[PDB]
Number of protein chains: 2
Amino acid sequence: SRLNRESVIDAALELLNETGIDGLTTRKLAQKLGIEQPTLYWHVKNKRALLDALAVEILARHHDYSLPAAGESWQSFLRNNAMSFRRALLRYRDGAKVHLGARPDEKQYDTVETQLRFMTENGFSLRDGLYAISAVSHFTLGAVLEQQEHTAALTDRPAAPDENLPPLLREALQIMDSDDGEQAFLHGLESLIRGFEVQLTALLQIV
Amino acid sequence: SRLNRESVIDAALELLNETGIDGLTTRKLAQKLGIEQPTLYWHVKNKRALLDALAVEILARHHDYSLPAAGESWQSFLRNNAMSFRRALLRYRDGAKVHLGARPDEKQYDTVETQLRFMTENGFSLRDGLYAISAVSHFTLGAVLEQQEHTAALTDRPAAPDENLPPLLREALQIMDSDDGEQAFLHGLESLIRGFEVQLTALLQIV
Ligand SMILES: C[C@H]1c2cccc(O)c2C(=O)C2=C(O)[C@]3(O)C(=O)C(C(N)=O)=C(O)[C@@H](N(C)C)[C@@H]3[C@@H](O)[C@@H]21
Ligand SMILES: C[C@H]1c2cccc(O)c2C(=O)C2=C(O)[C@]3(O)C(=O)C(C(N)=O)=C(O)[C@@H](N(C)C)[C@@H]3[C@@H](O)[C@@H]21
Ligand SMILES: [Cl-]
Ligand SMILES: [Cl-]
Ligand SMILES: [Cl-]
Ligand SMILES: [Cl-]
Ligand SMILES: [Mg+2]
Ligand SMILES: [Mg+2]
């Protein structure tokens, strides 16, 4: 079939949903596209190049809140940003593992530079704005990785028997399993953002 | 060599450091131990059982702050807990990916039940105490996963050229690369803990 960059990415993303990241291979990608392995190699040199490409394109296609609204508060920005990033990550199987494989690509430079600029324009030092940005990013990635890898694990083997589960754990597992960890995520996100505002407002005060 | 549970885990942990999680296989484990594949199978049925086992034993051996001190504040507990968990995760290559592969094992039930009990005894509902616990866990796992997967990626291929890197990103990457993300982690951790205290103290007040 067609092997322009866009069509190769569509095919790889389709495969990632069928196989997960551990089982995606350039060999299965060639089979999906109806081509021989040496033909694919011209286009895609190895799995790492593919995964670097997917990490960028997933956000390009599906992460719609990279940039703040005109007049948006930094608190509202981090909230809308984190929600949009979580969604984009959860859209593909093993999405958070796909993202973690790289730091900002050249194609993202403009976007992430503006993010950093925006924090600094709202009273943060670059260092403190970068710590806020990183905290949000990592909190969100860990939350999504736990969701996703819980699915992976379950398809091999069932959860343990609650013959043995003590009461609060039973109840807690039932709690993290009533939605797809959204409540836990949104509650933790507000905690994080307030934590940051307390720090920013304190200036040089012992706090 | 010896194939009691303990010696099998020592050998697998040694292999994980040599190969990383993606490349650890029951075949290379058999070679390390000097045994045939069918002999290993008696002891270790597949990679998933092995990885579930490693996730538990890494914390059993190297995570020394699972439980609060007598009279410790919940704020001090979450801080010491998170620091000890980060260290235990960073001790082995791809440690955070090893952990994420499962939820609490039966062998951990007693520990994690006590953690949940402790929050509830310090003014949190089980739901809010579980959200604090989860937020900390996920923040810490994301921070460690990013560190570790940055190493994995670099061994394939170099970071991009700063011919193109805009100024704040250059400076930010230089910032997340001056220690092993410890400063960013400790700063975000204090933000998270304060965020939680603001929430707990507010009770029913609009906040
Ligand atoms: C500033 C970026 C950065 C700086 C230094 C080291 C890094 O590894 C990064 C990133 O990887 C970032 C992301 O991945 C973003 O998710 C990122 O790339 C992204 C985006 N493309 O819109 C975001 O929305 C960001 N968001 C907070 C989750 C976040 C970035 O802000 C950073
Ligand atoms: C309460 C546990 C839990 C509840 C519901 C769903 C879960 O997936 C979990 C865990 O996985 C926990 C951990 O992994 C701990 O890291 C966990 O197992 C652990 C430990 N063994 O000492 C910790 O120190 C915990 N810490 C906050 C990082 C954390 C646990 O509190 C939870
Ligand atoms: Cl075609
Ligand atoms: Cl073509
Ligand atoms: Cl021996
Ligand atoms: Cl033996
Ligand atoms: Mg990133
Ligand atoms: Mg866990």
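Chain naming here is simple, since letters A, B, ... match the order of the sequence lines and numbering starts at 1 in each. The analysis underlying the following values was restricted to heavy atoms, covering all of them including side chains, and did not include hydrogens, waters or symmetry mates.
Only the backbone of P161(A) comes within contact range of chain B, judged by heavy atoms closer than 4.5 Å. Using a 4.5 Å cut-off between heavy atoms, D110(B) makes no contact with chain A at all. If you measure heavy-atom distances from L192(B) to chain A, the contacts under 4.5 Å come from both the backbone and the side chain. Using a 4.5 Å cut-off between heavy atoms, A96(B) does not touch chain A at all. Proximity to chain A (any heavy atom under 4.5 Å) is shown, for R117(B), by both the backbone and the side chain.
Taking 4.5 Å as the limit, every side-chain heavy atom of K97(B) sits out of range of all side-chain heavy atoms of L145(A). Two residues are said to be in side-chain contact when any heavy atoms from C-beta on lie closer than 4.5 Å; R127(A) and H187(B) fail this criterion. By the 4.5 Å heavy-atom criterion applied to side chains, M119(A) and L168(B) are not counted as neighbours. Between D156(A) and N46(B), every side-chain heavy-atom pair lies at or beyond the 4.5 Å cut-off.
Within a 6.0 Å sphere centred on CD of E182(A), heavy atoms belonging to other residues, nucleotides or ligands number 12 at most. A 6.0 Å sphere centred on CG of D180(A) holds no more than 12 heavy atoms belonging to other residues, nucleotides or ligands. In the displayed structure, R27(B) atom CZ is contacted under 6.0 Å by at most 12 heavy atoms of other residues, nucleotides or ligands. The number of heavy-atom neighbours closer than 6.0 Å to CZ of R157(A), taken from other residues, nucleotides and ligands shown, is above 12.
Here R103(B) pairs with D177(A) in a salt bridge; the nearest charged N to carboxylate O distance falls below 4.0 Å.
Comparing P104(B), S137(B), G188(B), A135(B) by heavy-atom pairs within less than 4.5 Å of chain A, the highest count is held by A135(B). Between chain B and the options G129(A), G142(A), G101(A), the largest number of non-hydrogen pairs under 4.5 Å is found for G142(A). Ranked by heavy-atom pairs under 4.5 Å with chain B, the first of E146(A), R170(A), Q199(A), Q148(A) is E146(A). Put simply, of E197(A), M176(A), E190(A), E106(A), the one with the most heavy-atom pairs under 4.5 Å next to chain B is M176(A). With chain A as partner, the option from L51(B), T120(B), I193(B), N164(B) having the largest number of non-hydrogen pairs under 4.5 angstrom is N164(B). Counting heavy-atom pairs closer than 4.5 Å to chain B, the top-ranked of the candidates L141(A), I21(A), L173(A), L100(A) is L100(A). The most heavy-atom pairs under 4.5 Å with chain B, out of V198(A), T140(A), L165(A), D128(A), come from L165(A). In terms of non-hydrogen atom pairs under 4.5 Å with chain B, the most contact-rich of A172(A), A132(A), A152(A) is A172(A). Comparing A102(B), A159(B), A153(B), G181(B) by heavy-atom pairs within less than 4.5 Å of chain A, the highest count is held by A153(B).
Distance CD1/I175(A) to OG/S134(B): 9.0 Å, rounded to 0.5 Å. To the nearest 0.5 angstrom, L169(A) atom CG is 11.0 Å from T111(B) atom OG1. Taking CD of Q174(B) as the reference point, atom CG of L126(A) lies at 10.0 Å (rounded to 0.5 Å). To the nearest 0.5 Å, the span separating CD on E171(A) from CG on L116(B) amounts to 9.5 Å.
Taking both residues in full, the closest heavy atoms of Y109(A) and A160(B) are given as OH-CB, 3.4 Å, listed atom of the first, atom of the second, then distance. When all heavy atoms of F139(A) and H138(B) are compared, the pair lying nearest together is O-CB, 3.9 Å.
In this structure, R194(B) contributes its side chain and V207(A) its backbone to a donor-acceptor pair below 3.5 Å.
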